[PDB]
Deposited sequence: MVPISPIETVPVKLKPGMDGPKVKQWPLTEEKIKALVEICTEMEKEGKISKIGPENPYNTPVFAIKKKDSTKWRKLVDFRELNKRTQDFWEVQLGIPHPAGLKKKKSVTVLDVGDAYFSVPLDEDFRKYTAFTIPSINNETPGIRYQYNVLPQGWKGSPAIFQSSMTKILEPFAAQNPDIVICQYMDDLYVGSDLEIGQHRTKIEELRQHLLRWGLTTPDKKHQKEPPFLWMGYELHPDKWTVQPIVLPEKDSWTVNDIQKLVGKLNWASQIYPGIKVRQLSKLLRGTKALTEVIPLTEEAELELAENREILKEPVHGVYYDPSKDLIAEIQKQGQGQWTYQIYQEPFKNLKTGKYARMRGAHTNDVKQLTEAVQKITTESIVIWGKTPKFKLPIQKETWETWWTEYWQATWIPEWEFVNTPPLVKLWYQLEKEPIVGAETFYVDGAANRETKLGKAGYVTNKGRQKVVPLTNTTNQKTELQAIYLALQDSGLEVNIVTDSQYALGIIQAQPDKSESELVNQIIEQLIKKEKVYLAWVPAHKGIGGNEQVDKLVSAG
């Protein structure tokens, strides 16, 4: 016999203060007991388990579905935390094309990784006796049991330590671990590739681990995690949009799942209205009627999802490019690619929940998201193509009160273009009329007034019902914008309105803010000045609107 190299064991403990499991075994039928006795006898003959005495006070229930199945949920609750087997799923767009990709089945190694001796006693389980007239058979595991909390991580670390020297001394290949399967890709000749595959089977055999000499069942195209992986391209598994007369909540969640999933390669997917219907429902069986906007959106989706679209694999010798387009209603879409017309992947970004916003902030957020995703998938920031003029971005970030930055980018003339819709003056305007505005409201009756007085003697006070102080301050500014020329100076004491306007929004929840924005767009020059309230600043008329 050739001496097998022993696999180092991982020291495992229970959670602090807790103790091993002690769960009562369910009574089983005679045939199930016989089946489990045969199975456990074979497994003991192979070395996976060992018989134990009565001194072991721990027990874990056993079932047969035959097939033996141990319910380790209690021991899992009582087992220490392990490092994650994965910090995320790989993305097909990050894979680098290979001439050859072989799959090796290392499933038989799963029961070949020994368990920490001091921890084996916690894996005890009992086979009941026929008619319960003898003591049940007592067993404990000697290897990583299937279903135990720590089996995948310990198996993966053990396999990694075994593969480490083979991977080191063969840098011209790539070895990847996924569950009980290895994936070895290389650009060598098919003969050299198969040769090094045999070498890997040898190196794994030096630990007693057996890879089947049979041809593996997996073969192109690889179906994995909703993905199709081809020798030269990738895509998502076929997305079919159902044809439903009426749509329930679970049908809309299935549809938004299929559209969010398809959006990573199919460019132009929109999910705003369909997901908007799910707003505050929390009822899985509720049938919700379908707005016309969701019909147009869904029709555009069926048009985009008509014929298949594929993504290419990553080539590190070529630059990484990401182009962004605005879709409206806070929706943005982007494509990441290295060659024109051949995308690595696509995606979308929806604006965050906010009371006020503008297109430039949203584009910035989208660029940050794309940057993070790109660093995850490819380890580098792409060069951006953005629908915004250079001068626009310079004006924005130079005049913005916050610090902001976008990485290397270039302008692409693809409407709609992101632009600045208004810009406030830095100094008062000479020759322009000066509108001192003010608004006030009663907290009980919700009655208020909004108006202005100007330097030319122009005045206005409007009464309002069902209003608040903030609403009357905004309404006052709006009135000044309505009745003034193309150039106007505006004086207010509303820290609220100045806080809103200094954020430079172009869209808002409040229709009043939107009306103010529409007024600011039509103006040539607007200077907005703030003063403290109730300080006797003449012109500022808190008493005129408190009547």
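The chain's deposited sequence has unresolved stretches at 66-72, 555-557, with no C-alpha coordinates there.
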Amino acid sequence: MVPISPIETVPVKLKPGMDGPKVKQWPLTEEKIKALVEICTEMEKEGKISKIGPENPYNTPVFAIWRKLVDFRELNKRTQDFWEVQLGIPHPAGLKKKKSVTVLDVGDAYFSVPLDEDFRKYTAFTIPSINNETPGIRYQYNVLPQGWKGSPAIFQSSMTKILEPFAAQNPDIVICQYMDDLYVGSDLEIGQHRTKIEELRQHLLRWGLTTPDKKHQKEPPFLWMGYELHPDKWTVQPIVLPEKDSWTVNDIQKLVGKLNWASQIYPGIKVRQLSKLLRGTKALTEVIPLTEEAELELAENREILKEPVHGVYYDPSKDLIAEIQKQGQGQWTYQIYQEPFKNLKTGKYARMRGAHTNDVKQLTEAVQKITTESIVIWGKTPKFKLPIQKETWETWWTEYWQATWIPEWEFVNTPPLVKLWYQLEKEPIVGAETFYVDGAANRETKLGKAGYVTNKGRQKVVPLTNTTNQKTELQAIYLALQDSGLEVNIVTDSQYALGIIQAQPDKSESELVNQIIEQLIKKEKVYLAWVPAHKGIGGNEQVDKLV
From here on, numbers count along this sequence of modelled residues.
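The PDB entry reports B-factors from which the mean C-alpha value can be compared for 479-487 and 23-31; the larger average falls on 23-31.
The stretch with the higher mean CA B factor, choosing between 422-430 and 130-138, is 130-138. As recorded in the PDB entry, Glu295 shows the highest C-alpha B-factor of the residues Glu473, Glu74, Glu295, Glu408. Per the PDB entry, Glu42 shows the highest C-alpha temperature factor of the residues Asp506, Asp493, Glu42, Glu509. When the modelled residues of the chain are ordered by C-alpha B-factor, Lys522 sits in the lowest third.
Looking at the C-alpha B-factors along this chain, the one for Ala529 belongs to the lowest third.
Placement of the Cα temperature factor of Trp83 within the chain: middle third of the modelled residues, per the deposited record.
In this PDB entry, the Cα temperature factor of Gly311 sits in the bottom third of its chain's modelled residues, the lowest group. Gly330: CA B factor in the middle third of modelled residues in this chain (values from the PDB entry).
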